[PDB]
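Visitor: 3D, please:
(chains A, B, C, D, E, F, G, H and I, ligands or ions: 29)
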Amino acid sequence: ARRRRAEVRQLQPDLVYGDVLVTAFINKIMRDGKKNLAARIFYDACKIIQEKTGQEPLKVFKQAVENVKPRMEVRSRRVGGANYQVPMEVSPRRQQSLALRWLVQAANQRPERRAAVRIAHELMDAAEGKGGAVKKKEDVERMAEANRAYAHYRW
Amino acid sequence: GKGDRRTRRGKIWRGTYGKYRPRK
Amino acid sequence: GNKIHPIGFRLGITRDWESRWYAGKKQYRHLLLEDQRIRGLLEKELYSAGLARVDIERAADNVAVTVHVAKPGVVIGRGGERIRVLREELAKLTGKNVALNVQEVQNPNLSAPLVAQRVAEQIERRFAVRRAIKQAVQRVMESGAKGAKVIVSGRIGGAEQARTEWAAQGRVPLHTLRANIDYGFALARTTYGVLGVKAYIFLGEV
Amino acid sequence: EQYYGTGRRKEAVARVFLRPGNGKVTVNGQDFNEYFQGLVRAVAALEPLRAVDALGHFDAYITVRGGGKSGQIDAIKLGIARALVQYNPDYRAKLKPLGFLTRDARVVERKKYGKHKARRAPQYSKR
Amino acid sequence: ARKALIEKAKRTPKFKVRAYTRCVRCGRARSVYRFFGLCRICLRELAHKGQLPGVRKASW
Amino acid sequence: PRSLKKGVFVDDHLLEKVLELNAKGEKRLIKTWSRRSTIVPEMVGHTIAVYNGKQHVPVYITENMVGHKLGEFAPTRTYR
Amino acid sequence: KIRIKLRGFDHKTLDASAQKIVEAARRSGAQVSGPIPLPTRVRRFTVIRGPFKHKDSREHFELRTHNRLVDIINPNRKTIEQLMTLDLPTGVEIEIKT
Amino acid sequence: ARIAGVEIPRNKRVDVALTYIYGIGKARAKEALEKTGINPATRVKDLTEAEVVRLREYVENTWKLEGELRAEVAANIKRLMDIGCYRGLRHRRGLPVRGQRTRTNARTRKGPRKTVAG
RNA sequence: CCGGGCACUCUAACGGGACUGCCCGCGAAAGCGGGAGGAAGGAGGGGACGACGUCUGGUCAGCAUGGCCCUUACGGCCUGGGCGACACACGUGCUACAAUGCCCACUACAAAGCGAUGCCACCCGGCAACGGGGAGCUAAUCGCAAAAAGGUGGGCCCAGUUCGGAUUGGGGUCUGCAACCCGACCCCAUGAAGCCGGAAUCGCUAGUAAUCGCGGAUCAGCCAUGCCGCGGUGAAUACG
Ligand SMILES: [K+]
Ligand SMILES: [Mg+2]
Ligand SMILES: [Mg+2]
Ligand SMILES: [Mg+2]
Ligand SMILES: [Mg+2]
Ligand SMILES: [Mg+2]
Ligand SMILES: [Mg+2]
Ligand SMILES: [Mg+2]
Ligand SMILES: [Mg+2]
Ligand SMILES: [Mg+2]
Ligand SMILES: [Mg+2]
Ligand SMILES: [Mg+2]
Ligand SMILES: [Mg+2]
Ligand SMILES: [Mg+2]
Ligand SMILES: [Mg+2]
Ligand SMILES: [Mg+2]
Ligand SMILES: [Mg+2]
Ligand SMILES: [Mg+2]
Ligand SMILES: [Mg+2]
Ligand SMILES: [Mg+2]
Ligand SMILES: [Mg+2]
Ligand SMILES: [Mg+2]
Ligand SMILES: [Mg+2]
Ligand SMILES: [Mg+2]
Ligand SMILES: [Mg+2]
Ligand SMILES: [Mg+2]
Ligand SMILES: [Mg+2]
Ligand SMILES: [Mg+2]
Ligand SMILES: [Zn+2]
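Guide: Numbers count the residues shown, from 1 in each chain, chains lettered A, B, ... in the order given. Ligands and ions are numbered 1, 2, ... in the order given. Take a look at the structure below.
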């Protein structure tokens, strides 16, 4: 977007919990445009969150998403002819996007048989501070702040 | 997938009928 | 690679079909071939009279061919025998045994096909092409014709390099649908090659 | 006695007839959960009622046809909104902020030549 | 469009399969629309000239 | 996995020729441009020169060759 | 009880002729049931613009066939007085059945 | 168990396990289990010795199987080659026999890709 | 379905409707930001439309055409072969490498088109391609027809396999005078490479991408996975 500022799309609220973050996670799970299958996967995963954890799955989901959000990342920049890894903060929308994308990607990396079990286990582990998505967050916050010397290339 | 003759989706893709896709 | 035909661009509004008749899918091609043969034999005989348009209508084995000619005295002949011979050839080619009508064109310098034909005759007589186009556009503009344009294609003046002489004046809004622009195309067969003559005449707005 | 709403979404129509009653919905003679319930967004079609919190004041007879069942759900939403507006105009100021009376004009875009599906340009390599 | 091939029109093609269709105006062999009997080029030309009743530019 | 139809097709050009040869003997090479015809049992033992597009190849027919076409034993293209 | 199917390429000529038939049958017949749209039959044609390769323009055209369904009731013998030969249209085809 | 040759399927559905027979796909497995009156859902380790004898009795001699099948295919191709047929030539050079193009892929008939200069 | 009626849906002609008109802020103005009302606003969305000219761009092989050249052959007819040749290389695509999947059964919604030496309901034979019989349809009224993903139930349980159908053997159907070179389709058997792809590189900003099926033109048939259209489900992201 060069001319305008590219305003953000407003998502419809969730049909169960009434949260737009849940709908965004549904969309990140969605594949080939199958909304019903993605919602089936996510709601069965919510059914798995209970009877495994006494807490309501909405709280677990939100706390896991909060645990996956990275505070700083690192972008490449061409300076003086070379390419440097410059660390800089992250806007909240990009925090949410990276959190949900990493949740889905790390969920599909699990050895669990069907999807709902994968999403449920990944959400639980990310809520209690482990899993592949938290590993991704830690790796990003390592790369960034591992190149602190380039912080004056913030831009 | 859609390239197997002896499947439903195969007959639908090739646009034919047979033992693996009857006409009721 | 641009500038589509204006008549074909306005066939919906401010322009009508030369052939206007209904036919099924089993009869459309035959009646179309018949109309094409009609126009072919017509333009091979009435060119001396300067025919600008040939309209064709069909109801049921009857064709209301109407020829718009600037000089009907040539298509009529002496006492009306020329039209008799032409209707005879019509009934011989197509056994439909139909009639024929002639319409005089007032101010032939407002019908673009006749303007293009005049410029083509001039170019074929080894006339100054620039002066030909200039005088043609002047004659068109000097009688109504809120807009005018005449274009002549390559080999201008028998040159070895193909050129394009523009010589236009007035208002020719081709992109305006309601422009009601009469378009005419003519060829000039010379000893050195072929000359293409296009004529645009703009009249009326709505 | 009866309040009517048309609604439309993505080449789909759904006549909505609101007749005060128990609160059970019928669609094309079938039950609301026998046509739906296998589509998650189905309950969204009943959002207008929850907007006014009636949910038990009106029975619904709906006749839907055209497009797919999701556009049918959204058209049912708009039809219920229109019938509810015809019931009491004072409901308009309650339904306008939620955009339920807003007709969703998103239609499938026409496929164009040169492309694959109306925008997907064919891949090239140049080498 | 060679003149010899215009022998296509034949009451005795010696076979039903050997009978193909050509453009009546320019003598084309490929892209010969059956509804009009013309080719595609003559189709576009006569459509622009307005000699095809009812034919209009499509836009939707 | 091939098939043509019931009522196998054989070109009647050489169909009469081979039986006219069998009627009096086992006459020598025949020249045939019809490679579309099918081999019938009454041809076994003869020798047919099939036109491959350039020349006539002397195809000798045996018992195990019945059912195929003449063109299958007359390769048209040349390679290496 | 007389079936009438009007077919044409121009939506103006068919409409004008149908209204003419309706006005000619009202004064001499019963309460005419008016014309019915009878959805249009559209046939398209896609043709490459240039005479050579240039595959990605295609400038397609269309040809539409519109219909009308007058269908007058009470075929009175006085109705055909004003009818069956009084017409302006040319590019309109008429179909009549019992 | 041991059915129609030296091949023994084990620990899966009887029809899918019979697919591992050379002369038997899924259609012939369904046909055998249908004419033998055997539930295809049961596992091989759950088969009655009488049911194994029955399936063996049917399948052993109802169609041509492993050894005779491979030998008959070899004999068919050998006959196509010995008669000098065009298909025999295509088999002789290792090229597509069913009228495919060879300027491009059909690698699966020509084996690996032997690149040369150009 | 019958009586029955034009309210709704639809169908196709006309017309209304949106113009920064109204409110607030800014501004010299044009206009910008926001809001109300509205079905929709700040170009509402998509086409048609593409200037003076440039590339001595492409095509005399669609047609026309100057010049040149062949005219017992550089013209013409026919049979057959060839344009389908394969040590190889690239482009564009299709099908996949699977469990957000595959298979089986049952079941539910679409638009745009096509149809008389045509589409073929339905009955019978056939595992099937299909054949025999045969109803309707000059077609908003009959047919193509089944939409598919989807839903429900069941099977498969991570393995080159109930993933994937290349190759090949055998038996057939139809078109056509004729399927060897060189057709599609059906049935049985065969079961390949392929576990998300190096350097590099492509498309797309909303009903778009992705995915799913449907039709059409040319055509006796068809190598269509192409092309042009149609609708179903329906995202992600734009700091700059
Ligand atoms: K040039
Ligand atoms: Mg990851
Ligand atoms: Mg398979
Ligand atoms: Mg689409
Ligand atoms: Mg010529
Ligand atoms: Mg042909
Ligand atoms: Mg047979
Ligand atoms: Mg363009
Ligand atoms: Mg096997
Ligand atoms: Mg080949
Ligand atoms: Mg009315
Ligand atoms: Mg209305
Ligand atoms: Mg414009
Ligand atoms: Mg050049
Ligand atoms: Mg060149
Ligand atoms: Mg070629
Ligand atoms: Mg080679
Ligand atoms: Mg060599
Ligand atoms: Mg290349
Ligand atoms: Mg049966
Ligand atoms: Mg009806
Ligand atoms: Mg299931
Ligand atoms: Mg397998
Ligand atoms: Mg391998
Ligand atoms: Mg695997
Ligand atoms: Mg854009
Ligand atoms: Mg076809
Ligand atoms: Mg197709
Ligand atoms: Zn032509």
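Visitor: Mind checking if stretch G:39-54 is in reach of ligand 29?
Guide: No: if you take C-beta under 5 Å from the ion as the test, stretch G:39-54 misses ligand 29, and the best it gets is 9.7 Å. Every residue, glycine included, has its C-beta placed from N, CA and C.
Visitor: Run the chain-centre distance for that stretch.
Guide: Taking C-alpha atoms, centre = their mean, to the nearest Å, one finds stretch G:39-54 lying 25 Å from the centre of the chain it belongs to.
Visitor: List the buried residues for it?
Guide: By 16 or more other C-beta atoms under 10 Å in any protein chain shown, the buried positions in stretch G:39-54 come out as G:45, G:47, G:48.
Visitor: now check it, is it near RNA strand I?
Guide: Yes: on the criterion C-beta under 7 Å from any atom of the strand, stretch G:39-54 is in touch with RNA strand I at G:39-46, G:50-54.
Visitor: So what would you say the end-to-end distance of stretch F:15-32 is?
Guide: One end of stretch F:15-32 sits 11 Å from the other (C-alpha to C-alpha, to the nearest Å).
Visitor: will you turn the buried residues of stretch G:39-54 into CSV that also has distance to residue H:73 and secondary structure?
Guide: As requested, the buried residues of stretch G:39-54 are exported to CSV (distance: C-beta to C-beta, whole Å; DSSP: H, G, I helix; E, B strand; the rest coil):
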residue, distance to residue H:73, secondary structure
G:45, 52, strand
G:47, 52, coil
G:48, 50, coil
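Visitor: Tabulate these (TSV), appending distance to residue D:109.
Guide: Output for the buried residues of stretch G:39-54, formatted as TSV (distance: C-beta to C-beta, whole Å):
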residue	distance to residue D:109
G:45	23
G:47	23
G:48	24
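Visitor: so which of those residues comes closest to residue G:88?
Guide: Nearest to residue G:88 among these, counting by C-beta to C-beta, is residue G:45 at 30.0 Å.
Visitor: Quick check: chain neighbours aside, which residue is closest to the closest one?
Guide: residue G:61 (5.2 Å; C-beta to C-beta, 6 or more residues apart in numbering or on different chains).
Visitor: wait, isn't that neighbour in contact with residue G:47?
Guide: Yes: look at residue G:61 against residue G:47 with C-beta atoms under 8 Å: they come within range, at 7.4 Å.
Visitor: For the chain, which segments count as helices?
Guide: Defaulting to chain A. Secondary structure of chain A (DSSP state H): helices at A:20-29, A:35-49, A:57-68, A:92-108, A:115-127, A:132-143.
Visitor: oops, I was thinking of chain F
Guide: For chain F, the helices defined by DSSP H occupy F:12-24.
Visitor: what does it have sitting close to chain H?
Guide: F:62, F:64, F:65, F:68, F:71, F:72, F:73, F:75 (C-beta under 8 Å from any C-beta of the partner chain).
Visitor: measure the fourth one to residue F:29 for me?
Guide: With distances defined as C-beta to C-beta, to the nearest Å, the gap from residue F:68 to residue F:29 amounts to 20 Å.
Visitor: Which one's more surrounded, the two?
Guide: residue F:68 (18 against 12; other C-beta atoms under 10 Å in any protein chain shown).
Visitor: check contacts around that one.
Guide: F:38, F:39, H:83, H:85 (C-beta atoms under 8 Å, 6 or more residues apart in numbering or on different chains).
Visitor: picking up where we left off before, nearest to chain H among the residues of stretch G:39-54 next to RNA strand I?
Guide: Top of the list for closeness to chain H, among these and by C-beta to the nearest C-beta, is residue G:53 at 21.9 Å.
Visitor: quick revisit: could you say which of the helices of chain A is packed most deeply?
Guide: Here the criterion is mean neighbour count by mean count of other C-beta atoms under 10 Å in any protein chain shown, and of the helices of chain A the winner is helix A:115-127, at a mean of 23.
Visitor: and that helix, is it in reach of RNA strand I?
Guide: Yes: on the criterion C-beta under 7 Å from any atom of the strand, helix A:115-127 is in touch with RNA strand I at A:115, A:116, A:118.
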